[PDB]
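Next up is one chain by itself, shown in structure tokens, the form deposited without its partner chain.
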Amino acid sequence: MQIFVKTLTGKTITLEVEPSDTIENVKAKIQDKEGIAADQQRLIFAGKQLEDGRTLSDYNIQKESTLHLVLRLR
């Protein structure tokens, strides 16, 4: 499926993922796309904070869903 990731700079990233791809897998893809370390990434979907070890389907994230990227710089 295809999902979108909106960032703090206003950009919209398009990613190709499988239903069971983990949040950590998605962060790795975002790191390649935007050059933002995966360990500093925090994703949100429908007001839910997404956990690294869970999958997209675990959060009912479907085709064309929009996720938000926020950061943790410590």
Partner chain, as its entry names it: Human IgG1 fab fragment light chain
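Residue numbers count along the first chain shown, from 1.
As the entry records it, the average C-alpha temperature factor is higher for 37-45, out of 37-45 and 23-31.
Mean CA B-factor, 7-15 versus 50-58: the higher value falls on 7-15.
Among all modelled residues in this chain, the alpha-carbon of residue 73 has a temperature factor (C-alpha) in the highest third.
FYI, the form deposited with its partner chain bound isn't displayed, but the following is about it.
In the deposited complex, the residues of 15-32 lying within 4.5 Å of its partner chain by at least one heavy atom are, in order, 18, 19, 20, 22.
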